[PDB]
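One chain comes next, on its own, written as structure tokens: the form solved without its partner chain.
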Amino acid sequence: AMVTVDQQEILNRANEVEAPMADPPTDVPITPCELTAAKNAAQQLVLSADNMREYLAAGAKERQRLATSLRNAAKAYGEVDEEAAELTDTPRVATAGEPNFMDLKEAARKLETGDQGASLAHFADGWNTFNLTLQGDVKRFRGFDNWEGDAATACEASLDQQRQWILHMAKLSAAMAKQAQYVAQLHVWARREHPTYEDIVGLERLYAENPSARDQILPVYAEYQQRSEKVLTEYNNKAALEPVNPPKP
């Protein structure tokens, strides 16, 4: 292809491509409650978010490397001119062993103790906002106006791949935010459906104190036990989050 070069345009675009992007958020996702499933979901998010940040750092390095390439091209056009005169996957938090049933009071105490998903929601807000930030940070990968030919085209192909990488990272930012929101919603659902500590207390106290009530109260206690088991089983299932494994830049 017939070559056109604007050396200054190349140098400008080098500066532009490596200009800082906003840093990802650092909110720590805290477990919504004391259940092992809730703790495991929050740990899985910590690990996924850490790896996302490490991959985002590697992306910044790649933008620096592309800037250097462009500056080396700019220089080489000047030379000919003169002469003519460690990234890995995210660990999976093991969820095996989580109890699907428990003493009632213990299960209710664990569900009721903790921030109930406030931290998870804040985590999701930051990563959602980062998704939109990244989407706004791709003009730097556009084509050239006055650099044409094979080198320009090769550069444009690299720029295109970095654009696609950023947008894939934006999608994963949104996906990981959705995981946190999903576990927060799961937790609110579990509170709606699991018997409360105090409801369980009241029933057990009446049972203990009133022998003639026991035969007729027991089915209420059994319904509570059974509903508790269903809720804990579903919490264990649904809180198991897939690790986020970003693409290498």
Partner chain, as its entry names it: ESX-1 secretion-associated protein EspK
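Basically, rigid core = biggest C-alpha set you can superpose within 1.5 Å across the two forms. Numbering follows the first chain given and starts at 1.
Separately, the form solved in complex with its partner chain exists; it is not shown, and the next lines address it.
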Using 4.5 Å between non-hydrogen atoms, is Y221 touching its partner chain in the deposited bound form? yes
Applying a 4.5 Å heavy atom distance criterion, does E229 contact its partner chain in the deposited bound form? yes
Interface membership of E204, its partner chain in the deposited bound form, 4.5 Å heavy atom rule: yes
Would you check, heavy atoms only and a 4.5 Å threshold, whether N72 touches its partner chain in the deposited bound form? no
Using a 4.5 Å heavy atom cut-off, which residue among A60, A208, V28, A213 comes into contact with its partner chain in the deposited bound form? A208
So which residue among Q135, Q161, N100, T113 shifts its CA at least 2 Å between this form and the one not shown once the core is superposed? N100
Change in CA distance between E98 and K230 in the deposited bound form, which is 3 Å or more, as closer or farther: closer
In the deposited bound form the CA atoms of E98 and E112, compared with here and shifted by at least 3 Å, lie farther
